[PDB]
Structure formats: structure tokens, C-alpha cells
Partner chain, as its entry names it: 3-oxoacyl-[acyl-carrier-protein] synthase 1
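So this first bit is one chain, no partners, the form solved without the partner chain, shown in C-alpha cells.
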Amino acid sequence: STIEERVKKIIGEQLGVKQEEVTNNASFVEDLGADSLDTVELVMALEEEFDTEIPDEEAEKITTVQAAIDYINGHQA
């Protein structure tokens, strides 16, 4: 499978949203309805899957599904 597929699956699982709703342009807060706690738990779930650590101040600025995919392609090793 692809990174896009793996990342979207975790986002849908974490936020309780259906797959067809997890588009690449979608914003986590406005479009997918992520709340304060969701922000924290979603960041940690992806950090674990992709064995990486993102700085909280940088995570806070990753607003869309595609921005999250982009960060993982750039930092996963």
C-alpha cells in the first residue's frame, strides 16, 4: 500500500470519520471536525506508526491531510 493510504486510514480511525471523507485537501479542524484532544492523539498515532517525532509547534501548523502526508514523506526513515 502507499503512504497516502496508510496515513488516511489512521486519520479516519482516530477522528471517527469515514474514508470517503478523508480527502487530500481536507482541513483537520474545519473539514474533519478534530477537537483539542484529537489534535494531540492524532499526532502521537502517526508519530508511532512512522517511528518519528514532530515538534509540537510544527505539528500545530500542519492543517490538511496532504500536509501530514508531505511531512511523513520528508522525515520517515
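Residue numbers count along the first chain shown, from 1.
FYI, the form deposited with the partner chain bound isn't displayed, but the following is about it.
* Asked: Though only this chain appears here, would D35 touch the partner chain in the bound PDB entry if you measure heavy atom gaps against 4.5 Å?
  -> Yes - in the bound PDB entry, heavy atoms of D35 and the partner chain come within 4.5 Å of each other.
* To do: Using a 4.5 Å heavy atom cut-off, state whether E41 contacts the partner chain in the bound PDB entry.
  => Output for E41 is yes: heavy atoms within 4.5 Å of the partner chain.
* Asked: Even though the partner chain is not shown here, does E30 get within 4.5 Å of it in the bound PDB entry, heavy atoms only?
  -> Although the partner chain is absent here, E30 would stay clear of it in the bound PDB entry, with no heavy atoms inside 4.5 Å.
* is_contact(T64, the partner chain) in the bound PDB entry, heavy atom dist at most 4.5 Å -> Judged by the heavy-atom cut-off of 4.5 Å, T64 is well away from the partner chain in the bound PDB entry.
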